[PDB]
Ligand SMILES: *CC(=O)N1c2ccc(C(=O)OC)cc2NC2=C(C(=O)CCC2)[C@H]1c1ccc(C(F)(F)F)cc1
Ligand SMILES: *CC(=O)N1c2ccc(C(=O)OC)cc2NC2=C(C(=O)CCC2)[C@H]1c1ccc(C(F)(F)F)cc1
């Protein structure tokens, strides 16, 4: 029992982390096979971010860059020694709504790990300080590591922005300091529904009134509260949770609809008095049934 | 910027994790130097938890137990090979209010990491499934690992209970299945005050009214809302946060006092509409100022 916001173990990424310096500028990079990835704005100097040559250390072991190139927004420093601590990996691209773990690092040493979601506006609500550029976000499948995120920058609203491991940015964003107003993030509705399932499994059922409602009547309400519309694909993926708790998707929709319109009222669901949207349905299955 | 509930990297603990089987019964254990720790109720059989010989595998490497002994509530399996992946460690005991990271494991393999607090009633609000007994909770200081918790059991109220690494249980609890009604956990007031600081640092200041109030007048209110009394030692440790934000401890006390009595009212502080008590003041300093 218990539900808790839970990151994957960080051991296999920690030993792929490295410190990268170019001129005065030093940040974090990822070491896989014989190539080190890192954000390309490492070649800028920071004085020039106010108005209009490589060192690679793996803790204490110096690698020689023997050349580099630029794929989109990331630099691919080719090194001579090949990392023996390279796990099974693959470079996946994430869609809004999916979640991952972030291992925040400074000067190449890991400091923390935490779980967060790729918001519908393509930003992520991270915890980043200066020096964190180059930290990676990832999922793991027992022993295969799916890298899906590298940090680049902090937008003016406090939120964060970065790329996939091939260099392409997640949203309409660029590796430069500007007022890049990202869209309003909507609340991830499939995830809120999944968290409500995790509540049921674990104790809380007061919100379960479930006046049966249809799909689109819910969507009508959902949208004038800034909830992303629910599609058939979202319904499908709740299948397993539906199966376990014996509460059809339309019911949980309906019960949430009285939450949006009649409110939490200070009442508590799984340690919270607001509707959590940063757990995917697979999250709930991994945590609530192995 | 950003505040996010953040566990220490789990790499150094992951390689001290091992699977332990005794008769039919198999769970998780910790391997340090040449001794493996694990809960002593490994020698029970589970059929007998309803009404009134060692295998140690490190993934695939079998260790020979050459003997064992019982310190309090944990078994110390002495093995012949000594773990080369043993970090700097020390066995600390935690007091209620302090926080740690839990690396949940099944059949000796790590599955997740997460952050939680030792509640004032000596229970912890974990995320544990059958098979998780023997998982450890710990803090790290850059390279020294302070082990402070090993999981034993789940109380009837869903909460969890365990020991320090020397075998002694945290509260008035025992390694047996009974209705052990633990006390009401009070809300950790020093921590709520620290989270309010992290809010200020990061954006949110609406709760800052700060009608100056005294210490004990606050305590009067605090207690009839089930908030643990605030001592001089708690005031002291908020010193640094006080220094950074330029808002004296009595002010934040006072502002929280109007939160307890005039309510959140759906309003949001750092992604939440209830008062979070599971961040220590050192947590805020580590996350908000390196
Ligand atoms: C992500 C990060 O830690 N930093 C960062 C942020 C933005 C950009 C950018 O837009 O470049 C065009 C670059 C960086 N790079 C680095 C840092 C560092 O602190 C270390 C060196 C890499 C920080 C950073 C740097 C400068 C600033 C400033 F001055 F613009 F405000 C902020 C963060
Ligand atoms: C912590 C844990 O995972 N388990 C557990 C819980 C309590 C006790 C206990 O009170 O013993 C006197 C022992 C255990 N031990 C083990 C398990 C396992 O699933 C694997 C073997 C170790 C579980 C567990 C076992 C049995 C039950 C039961 F039947 F009592 F409900 C519950 C959890």
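Count begins at 1; order follows the chain as displayed.
How was it done? The header gives X-ray crystallography, 2.7 Å.
Keep in mind that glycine also has a Cβ here, set from the backbone N, Cα and C atoms.
Database features (Swiss-Prot):
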- B:5: ubiquitin cross-link (CROSSLNK)
- B:41: active site, for 3CL-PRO activity (ACT_SITE)
- B:78: ubiquitin cross-link (CROSSLNK)
- B:133: active site, for 3CL-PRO activity (ACT_SITE)
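In space, B:41 is the closest of the recorded positions B:5, B:41, B:78 to residue B:133 (active site, for 3CL-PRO activity), judged by Cα positions. Sequence-distant neighbours of residue B:5 (ubiquitin cross-link) (same chain, six or more apart, CB under 8 Å from its CB) are B:115, B:278, B:279, listed in sequence order. When the recorded positions B:5, B:41, B:78, B:133 are checked against ligand 2, B:41, B:133 have a Cβ within less than 6 Å of one of its atoms. With a threshold of 8 Å between Cβ atoms, the recorded positions B:5, B:41, B:78, B:133 that neighbour chain A are B:5. Annotation: residues between residue B:52 and residue B:53 (12 in total) lack coordinates; Cα distance 24 Å. Shown in sequence order, B:73, B:133, B:152, B:153, B:175, B:176 are the residues of the chain, 6+ apart in sequence, with a C-beta less than 8 angstroms from the C-beta of residue B:41 (active site, for 3CL-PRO activity).
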